[PDB]
Amino acid sequence: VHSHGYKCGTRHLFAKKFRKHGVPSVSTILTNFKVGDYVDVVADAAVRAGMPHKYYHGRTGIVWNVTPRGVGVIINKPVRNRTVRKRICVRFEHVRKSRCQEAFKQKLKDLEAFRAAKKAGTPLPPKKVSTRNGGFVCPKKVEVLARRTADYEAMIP
Amino acid sequence: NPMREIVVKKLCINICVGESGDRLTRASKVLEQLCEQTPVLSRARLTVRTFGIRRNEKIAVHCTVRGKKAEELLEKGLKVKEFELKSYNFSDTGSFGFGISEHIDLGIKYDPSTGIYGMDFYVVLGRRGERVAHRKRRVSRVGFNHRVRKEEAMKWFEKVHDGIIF
Amino acid sequence: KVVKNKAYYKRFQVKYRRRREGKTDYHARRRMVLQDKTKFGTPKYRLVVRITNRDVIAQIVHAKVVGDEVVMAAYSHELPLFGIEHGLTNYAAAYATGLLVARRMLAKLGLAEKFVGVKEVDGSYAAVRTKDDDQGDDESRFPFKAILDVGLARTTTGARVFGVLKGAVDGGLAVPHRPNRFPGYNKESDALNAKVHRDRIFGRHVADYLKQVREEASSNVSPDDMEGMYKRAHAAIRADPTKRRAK
RNA sequence: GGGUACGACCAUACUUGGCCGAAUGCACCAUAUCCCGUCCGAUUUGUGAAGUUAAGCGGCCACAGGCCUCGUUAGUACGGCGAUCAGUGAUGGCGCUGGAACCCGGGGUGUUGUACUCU
RNA sequence: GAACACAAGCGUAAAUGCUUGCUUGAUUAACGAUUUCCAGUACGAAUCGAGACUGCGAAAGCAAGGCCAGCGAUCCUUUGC
RNA sequence: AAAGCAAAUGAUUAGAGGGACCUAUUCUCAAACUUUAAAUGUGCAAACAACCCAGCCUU
Ligand SMILES: [Mg+2]
Ligand SMILES: [Mg+2]
Ligand SMILES: [Mg+2]
Ligand SMILES: [Mg+2]
Ligand SMILES: [Mg+2]
Ligand SMILES: [Mg+2]
Ligand SMILES: [Mg+2]
Ligand SMILES: [Mg+2]
Ligand SMILES: [Mg+2]
């Protein structure tokens with residue numbers, strides 16, 4: 001008899017890591033959130049208030065509303081042949097800032113610096129060279145590998 | 001060092017009578033007399049058919065004394081036991097105790113109402129500066145060499161008054 | 001049987017550093033630094049009061065992730081610069097150091113000309129005007145705000161930590177509080193005695209004890225002027241809060 | 001080169017023992033008229049300086065435990081895809097490819113922010 | 001390695017445990033929004049808010065039951081405003 | 001999945017050093033055990049109804 005309660009399979013999902021128990025630290029409290037940001041949803045398992053359902057554990061979305069002790073997040077979820085945008089409300093302890101766009105932002109900054117250097121005449125750093133082309137290989141010595149028949153006696157427990 | 005000496009911290013008197021009636025009431029009067037200090041009652045923990053007691057029922061009465069009164073009360077007890085003790089009376093912690101059988105012998109005028117009781121004496125000794133293990137803020141542990149051991153306990157005893165039989 | 005074997009050390013989880021040293025109560029710390037998420041990291045200030053065996057420390061702290069930032073600290077050992085060189089740990093000393101830090105903070109913010117606070121010293125509750133407690137009007141400029149922090153100290157009627165609070169409030173700072181802990185407060189009638197509070201503020205009790213000590217010294221420096229330089233020190237502090245000992 | 005107050009990460013910071021500790025400070029420490037609280041000024045609360053580094057604290061050390069990191073275990077165990085593959089079966093290797101864990105060995109034993117400060 | 005009414009799992013050490021002091025946030029809460037089952041219907045349970053009056057605290061703050069199982073349409077009867 | 005019991009919980013064989021007992025080992029295990037931990041998986045992003053830079057207005 002499986003039962004479909006609110007937490008029906010969360011024995012290992014909602015458990016703290018080894019030698020890592022406790023309540024949230026100060027740095028988590030001073031995070032600050034803004035509408036339009038990307039956040040990850042992960043349950044803390046030490047704060048029972050405002051815990052999301054198990055489906056939304058390890059999911060990323062955009063915050064749409066900020067309250068004194070809560071955050072509202074929009075998360076995609078596939079149903080039958082479509083995907084629904086669900087809105088969930090959680091406490092600020094169960095959300096982390098997402099680094100899913102930091103590579104894209106860094107690339108934009110680099111391109112902006114490229115334009116500024118060109119228009120200011122600054123020399124550009126030299127281009128990296130691929131190693132998949134050819135070249136000369138001069139070895140000091142060459143070894144041989146020929147199945148020296150001691151390995152056959154080796155793999156006997 | 002001047003403050004490495006051994007002093008008496010407190011002396012605890014305990015009277016463990018059964019029942020929770022007038023016997024307990026009279027025993028409290030006797031203790032508060034000899035102690036000139038309000039005593040407190042104690043309640044049991046389990047229920048034992050053999051001992052005929054129930055859980056959380058008044059059983060014993062005790063008190064603790066610090067200062068000069070502790071010193072003189074200790075002297076009276078040793079006088080009753082003629083300043084003679086045994087080897088197996090000192091703990092490795094650094095404390096020792098004994099027990100009188102008749103409360104009359106301490107020098108208290110007998111009263112035909114209260115009756116005759118026996119008592120337990122326990123003495124705790126320690127150096128100065130143990131508060132580090134009892135203060136609210138920045139609590140730590142006392143140093144090992146600073147702790148009082150059993151061998152120094154009897155030596156302290158013989159110094160003030162000898163008479164230990166091994 | 002040995003309980004502290006090798007397996008015991010493998011599974012042990014150490015507590016926070018400042019908890020092992022017995023310095024910080026993190027349960028109270030978390031609630032003290034918490035702020036509404038609707039305010040997007042607007043500064044919030046604390047009033048930290050600590051008392052050692054020889055000194056009283058009052059600091060104004062703003063909490064940050066990289067570490068707490070301290071603005072305008074004050075210590076009771078700078079009092080001899082103003083004319084208090086004895087005791088330095090009684091109720092009178094605690095009031096003086098709280099007043100000094102409030103004036104220093106206000107001067108640095110450039111608001112000392114306003115928000116002068118009370119000048120006549122008396123034990124009276126009054127009330128503190130904050131954004132959530134308009135006390136009537138809400139259009140006048142609001143006073144600088146901070147919340148008191150006492151740490152692991154025991155909160156009892158007549159404690160010296162609240163003496164620092166009263167000095168800061170009279171200095172002009174807005175710290176929310178109630179008169180339930182001032183020494184003249186009686187809980188059965190829920191009333192506060194102004195005369196008792198002002199007597200302890202000016203160190204009346206110390207003078208009586210010192211006088212009595214001299215009498216018992218007979219048949220085994222001078223009282224009656226404590227209010228003298230205590231009032232004089234208050235005026236000196238209100239005059240030049242920024243003066244310090246340079247070297 | 002250090003101290004104190006408030007911290008961030010939360011063992012390279014913990015546990016046991018030994019040795020040393022210039023100054024500022026931090027402590028242990030003296031005592032109960034008043035505020036306050038206890039069976040007991042032990043803790044707690046209010047007022048002082050009589051003594052001391054004994055302890056706490058800091059620093060160093062230990063064929064010390066633990067913890068952290070790099071190798072080894074090992075291209076081993078296990079896996080995705082393929083066969084009119086082998087084998088009575090149980091199972092197994094092959095082709096294209098991904099790739100562990102403990103034991104064990106070498107090294108290491110806190111980093112750092114704001115303010116007031118001592119040499 | 002105890003305890004947290006009860007089945008089990010998760011969680012917790014100056015506490016979510018124990019003792020004690022004071023209390024009635026187990027009230028009202030303008031048809032606010034959302035999760036779970038799911039047809040993205042209802043019922044049950046739960047999460048994040050806004051307003052009134054309060055409780056405990058020196059304060060920051062916590063609390064509109066006891067965390068997650070413990071319950072019920074149309075018609076009819078009956079009570080409150 | 002694997003691995004481990006020389007690590008917590010549960011089961012379990014035998015010698016040794018100081019008949020129970022203690023210490024360090026040792027044979028052998030786990031769907032309702034686990035410090036560790038794959039392969040195959042699963043969420044988000046990779047530009048115009050947008051992002052920067054500057055100055056400006058309103059609450
Ligand atoms: Mg599973
Ligand atoms: Mg997990
Ligand atoms: Mg508190
Ligand atoms: Mg085929
Ligand atoms: Mg508590
Ligand atoms: Mg329920
Ligand atoms: Mg409300
Ligand atoms: Mg609740
Ligand atoms: Mg397996």
# chains A, B, ... in the order shown; residues from 1 in each chain; ligands from 1
$ residues_near_ligand --ligand "ligand 3" --cutoff "12 Å" --atoms "only C-alpha atoms (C1' of nucleotides) and all ligand atoms" --output "ChimeraX atom specification"
/C:24-32,149-155 /E:14,57-61
$ interface_residues --of "chain C" --to "chain D" --cutoff "8 Å" --atoms "only C-alpha atoms (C1' of nucleotides)" --output "MDAnalysis selection string"
chainID C and resid 6 9:10 14:17 48 50 57 61 65:73 90 154 156:159 183 205:206 208:209 212
$ residues_around --residues "residue A:84" --least-positions-apart "3" --cutoff "9 Å" --atoms "only C-alpha atoms (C1' of nucleotides)" --output "PyMOL selection string"
(chain A and resi 75-79) or (chain E and resi 40)
$ closest_atom_pairs --of "chain E" --to "chain A" --cutoff "10 Å" --atoms "only C-alpha atoms (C1' of nucleotides)" --output "Markdown table"
| residue | atom | partner | partner_atom | distance |
| --- | --- | --- | --- | --- |
| E:9 | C1' | A:11 | CA | 6.1 |
| E:10 | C1' | A:15 | CA | 6.4 |
| E:11 | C1' | A:46 | CA | 6.0 |
| E:12 | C1' | A:46 | CA | 8.2 |
| E:33 | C1' | A:87 | CA | 9.3 |
| E:34 | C1' | A:88 | CA | 6.0 |
| E:35 | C1' | A:88 | CA | 6.7 |
| E:36 | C1' | A:6 | CA | 6.1 |
| E:37 | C1' | A:4 | CA | 8.3 |
| E:40 | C1' | A:79 | CA | 8.6 |
| E:45 | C1' | A:6 | CA | 8.8 |
| E:46 | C1' | A:6 | CA | 8.6 |
| E:47 | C1' | A:50 | CA | 5.6 |
| E:48 | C1' | A:89 | CA | 5.2 |
| E:49 | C1' | A:67 | CA | 7.3 |
| E:67 | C1' | A:48 | CA | 6.7 |
| E:68 | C1' | A:6 | CA | 7.0 |
| E:69 | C1' | A:5 | CA | 8.3 |
$ interface_residues --of "chain C" --to "chain E" --cutoff "7 Å" --atoms "only C-alpha atoms (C1' of nucleotides)" --output "PyMOL selection string"
chain C and resi 31-32+147-148+176-178+181
$ interface_residues --of "chain D" --to "chain B" --cutoff "12 Å" --atoms "only C-alpha atoms (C1' of nucleotides)" --output "VMD selection string"
chain D and resid 16 to 18 26 to 29 38 to 44 51 to 57
$ select_by_dssp --residues "chain A" --states "strand (DSSP E or B)" --output "number ranges by chain"
A: 38-41, 59-67, 70-79, 82-91, 95-97
